[PDB]
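Taken in sequence, the protein lines are chains A and B.
Mapped onto this note's numbering, the consecutive letters of the first sequence carry residue numbers 1 to 390.
Mapped onto this note's numbering, the consecutive letters of the second sequence carry residue numbers 1001 to 1398.
The beta-carbon is built from N, C-alpha and C at its ideal position, and this holds for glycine as well.
First up is the structure itself, then whatever we jot down about it.
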Amino acid sequence: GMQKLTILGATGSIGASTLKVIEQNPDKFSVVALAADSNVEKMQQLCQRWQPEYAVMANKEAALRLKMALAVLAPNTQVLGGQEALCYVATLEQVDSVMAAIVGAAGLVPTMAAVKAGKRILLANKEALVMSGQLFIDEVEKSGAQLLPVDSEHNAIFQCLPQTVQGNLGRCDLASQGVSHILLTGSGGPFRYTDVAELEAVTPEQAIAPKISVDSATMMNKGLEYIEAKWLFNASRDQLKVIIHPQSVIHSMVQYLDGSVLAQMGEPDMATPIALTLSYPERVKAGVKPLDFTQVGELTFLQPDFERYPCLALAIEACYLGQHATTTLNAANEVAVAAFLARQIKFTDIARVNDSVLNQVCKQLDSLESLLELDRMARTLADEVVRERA
Amino acid sequence: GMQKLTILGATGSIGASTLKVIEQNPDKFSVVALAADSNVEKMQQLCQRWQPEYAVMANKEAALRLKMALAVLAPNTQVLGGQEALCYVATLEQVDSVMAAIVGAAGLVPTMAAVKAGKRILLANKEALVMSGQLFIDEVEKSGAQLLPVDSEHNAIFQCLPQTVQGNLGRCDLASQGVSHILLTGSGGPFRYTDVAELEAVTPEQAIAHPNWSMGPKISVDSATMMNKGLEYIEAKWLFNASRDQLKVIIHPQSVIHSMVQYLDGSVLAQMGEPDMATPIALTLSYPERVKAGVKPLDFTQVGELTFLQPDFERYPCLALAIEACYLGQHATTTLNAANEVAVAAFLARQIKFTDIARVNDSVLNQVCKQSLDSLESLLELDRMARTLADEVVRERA
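So, in structure tokens, the structure goes:
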């Protein structure tokens, strides 16, 4: 039958890619609610095109402006505002799936509301597993919600795993389904061939080839992905390897016990992984062409050097320590990057800030509230370490 | 519980790879019968190690020599000889799976006997589908036998396909499980970068060199002409029920990727691994589970660069013939396969040039299908007729 969707985070690239898949499959997917942060203009255009039952701005002042516009552009769309309203559209009885694409800590509560209601969760918020991995997996178990990862690397891993593990994410023992290890691939960022010595002098201009760009450059992006993969797939440290693949044609791979490797490849378009999150276990047209082997060029592989990418080592370390450490590390890194971009600290100080803060905190029963509180503490400590370094 | 095996073709590399996997999993697999053609020395050593209930030599004279060697060294091994005995061990009530690794046309009857008995078939004979695809698929359907492909390409495709297709091979509509197409992958052979003009003069030595897998002379030459990929195309049609829109061919020179499947959402699944036949075998034995195969995980720090090319039909005319033969049906694929056996043997005998292989294949195929209810017997007969014609065309070329 028709699958009914709420899209949390409708005005960014993920939202757009989701809508493109839905546009290719009007017989299968129906948009009940669209929700966003504060890009009212884009949201007006989308409510006009999609005429959803509900439209929600996270910001109440932004909601008011949208309401005025939709009196005219989408008169049958009920406009709402605030966090409560995000939870309300994420938990509607008629809704089957929730694209959880509101980014940052503000995404936690609405995503979790969808989990507690037993929805299918198309997970495109990093914070849910980076900050609150154990909570999320427990609440998913308790409600019977289905979790499907949107992000490219996770989605590729998901596709490369057997059906038995796919249907029971975060609870299968991987060794028992024949998995030796997961190969999380990444481009290595723009400093992949740069001599370690030259990293000290790197500028924000160079690092950007904004926040997510700097994370690419440090491989903190991959670290956070590693942490998420641990929770999504219940992988131990022996089961999770990071491989640099500079061309990003392969999006990730799984090594099996018999020697077999499965890899997922394709054109660089988020509609591909999204489309599977919506259609699983079936497949649908995504508006993405088949891979052109005439243009992929050479594929190569490198082992990450932890001297080049110290943030990657920290994230791996933090992962073994648990939720408190991953929350701490994620928070500290937001502050550290903001400081680098503000010119206050060198590129290589990002890891130093992260490393001090992490060491300070972990030298000493969780909720989303207590973890947000730790996130704030960690930020305060990072502000102080940033000061020591200027 | 314990899976019971008959191995047809125990003394070659496939047999050895199968026995390596079994040796890693004594709690899961047990060998009921071993069968071979005339390598008594190797069979004696294997019967001594495995002490199977039955040992069969295809050649009755060889069976007699084995029987004498085994009286004491393997006293509980009943030794048998001939074709009837191959069918008997392939159809035993206690046997669950049959590694069908007897190569050539001689493999047809025993492999078919296992099919008709409803066994799990670990298919490692090309001829079953190249010569008699339609027959095999129909008999598999009737008996409830399971076909699991051993060959590297097919096994990779199998792994890149969804569980629903995997459990119902040759019966599923591929479009309906989201498949756009299968990408059949080949190395391109040692002449992949060679100018077409220089192909005329190439030698057997050149044709056999720098291989990514261990292969005998014939299969190596087929790799050089891309006849290998053509035959595999024909098999893939029967095995996956793939239409003319669903089967493509691509060159991947390093043979790290073994095959790939393109899906409707843009997603491509690829199977990769060390060039060790224990990997695909192991899955044919363990499916839907997995087992240790004695093969190391792939080391991505040593695979080097992966690249892709497109086959040029001027460099690979056999590939065009195979595709054409596939559209024409069983008679044409049987004819082509037979003609190519003769043509390659002639090239290796230094009677014809490398580029005469396609010319011989092309004449023979044209002659037969210009001039117009199948059985294994009638298809063997066509194979012999096509061989006679190929012998004649080889003579014209020397």
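Residues of its chain near residue i, where Cβ-Cβ distance is below 8 Å and the 5 sequence neighbours each way are ignored
| i | result |
| --- | --- |
| residue 1263 of chain B | 1178, 1179, 1180, 1269 |
Spatial neighbours of residue i in its chain, beta-carbon cut-off 6 Å, leaving aside the 5 residues before and after
| i | result |
| --- | --- |
| residue 298 of chain A | none |
| residue 1082 of chain B | 1060 |
| residue 172 of chain A | 165 |
| residue 1252 of chain B | 1185, 1308 |
| residue 39 of chain A | 11 |
| residue 1146 of chain B | 1120 |
| residue 379 of chain A | 331, 335 |
| residue 175 of chain A | none |
| residue 118 of chain A | 143, 144, 145 |
| residue 1276 of chain B | 1295 |
Residue environment, residue i, which counts as buried when at least 16 other CB atoms sit within 10 Å
| i | result |
| --- | --- |
| residue 71 of chain A | exposed |
| residue 327 of chain A | buried |
| residue 1399 of chain B | In the structure as shown, chain B begins at 1001 and stops at 1398. Residue 1399 of chain B is therefore absent and cannot be evaluated. |
| residue 1196 of chain B | exposed |
| residue 322 of chain A | exposed |
| residue 1327 of chain B | exposed |
| residue 2 of chain A | exposed |
| residue 154 of chain A | buried |
| residue 1315 of chain B | buried |
| residue 1058 of chain B | buried |
| residue 1280 of chain B | buried |
| residue 1285 of chain B | buried |
Endpoints, beta strand (DSSP E) assigned at residue i
| i | result |
| --- | --- |
| residue 91 of chain A | First-last for residue 91 of chain A: undefined, no H or E at that position. |
| residue 1352 of chain B | Unbroken run through residue 1352 of chain B: none, as it is neither H nor E. |
| residue 1401 of chain B | In the structure as shown, chain B starts at 1001 and stops at 1398, and residue 1401 of chain B therefore has no counterpart that could be examined. |
| residue 1097 of chain B | 1097 to 1100 |
| residue 295 of chain A | Run containing residue 295 of chain A: none; DSSP gives neither H nor E here. |
| residue 1120 of chain B | 1120 to 1123 |
| residue 1194 of chain B | Premise fails: residue 1194 of chain B is in no beta strand (DSSP E) and is neither H nor E. |
| residue 1271 of chain B | 1268 to 1272 |
Beta-carbon spacing of residue i, residue j below 8 Å
| i | j | result |
| --- | --- | --- |
| residue 1043 of chain B | residue 1055 of chain B | yes |
| residue 109 of chain A | residue 368 of chain A | yes |
| residue 98 of chain A | residue 90 of chain A | yes |
| residue 1265 of chain B | residue 288 of chain A | yes |
| residue 80 of chain A | residue 100 of chain A | no |
| residue 227 of chain A | residue 318 of chain A | yes |
| residue 1004 of chain B | residue 1278 of chain B | no |
| residue 1351 of chain B | residue 1394 of chain B | yes |
| residue 251 of chain A | residue 124 of chain A | no |
| residue 337 of chain A | residue 382 of chain A | no |
| residue 190 of chain A | residue 341 of chain A | no |
| residue 35 of chain A | residue 14 of chain A | no |
| residue 1128 of chain B | residue 1111 of chain B | yes |
| residue 1240 of chain B | residue 1135 of chain B | no |
| residue 1230 of chain B | residue 1369 of chain B | no |
| residue 1311 of chain B | residue 1249 of chain B | yes |
| residue 202 of chain A | residue 28 of chain A | no |
Own chain partners of residue i with C-beta closer than 7 Å, once the 5 adjacent residues on each side are dropped
| i | result |
| --- | --- |
| residue 1260 of chain B | 1160, 1183, 1185, 1268, 1269, 1270 |
| residue 1158 of chain B | 1149, 1166 |
| residue 236 of chain A | none |
| residue 1383 of chain B | 1105, 1131, 1334, 1338 |
| residue 1365 of chain B | 1321, 1325, 1332, 1335, 1336, 1339 |
| residue 1051 of chain B | 1074, 1076, 1077 |
| residue 1274 of chain B | 1295, 1296, 1298 |
| residue 1236 of chain B | 1154, 1157, 1182, 1184, 1242, 1247 |
Terminal residues of the alpha helix (DSSP H) in which residue i lies
| i | result |
| --- | --- |
| residue 1227 of chain B | 1227 to 1240 |
| residue 1334 of chain B | 1330 to 1348 |
| residue 1390 of chain B | 1376 to 1396 |
| residue 1109 of chain B | 1108 to 1116 |
| residue 251 of chain A | Looking at the DSSP string, residue 251 of chain A is not in any alpha helix (DSSP H); the run it does join, the beta strand (DSSP E), is 250 to 256. |
| residue 1149 of chain B | No alpha helix (DSSP H) holds residue 1149 of chain B; the beta strand (DSSP E) holding it covers 1146 to 1149. |
| residue 274 of chain A | 271 to 279 |
| residue 22 of chain A | 13 to 24 |
| residue 131 of chain A | 127 to 143 |
| residue 157 of chain A | 152 to 160 |
| residue 165 of chain A | 163 to 166 |
| residue 1206 of chain B | 1204 to 1208 |
Which ranges would you report for the beta strand (DSSP E) in the segment 30 to 82 of chain A if only whole runs of at least 3 residues count? 54 to 57, 78 to 81
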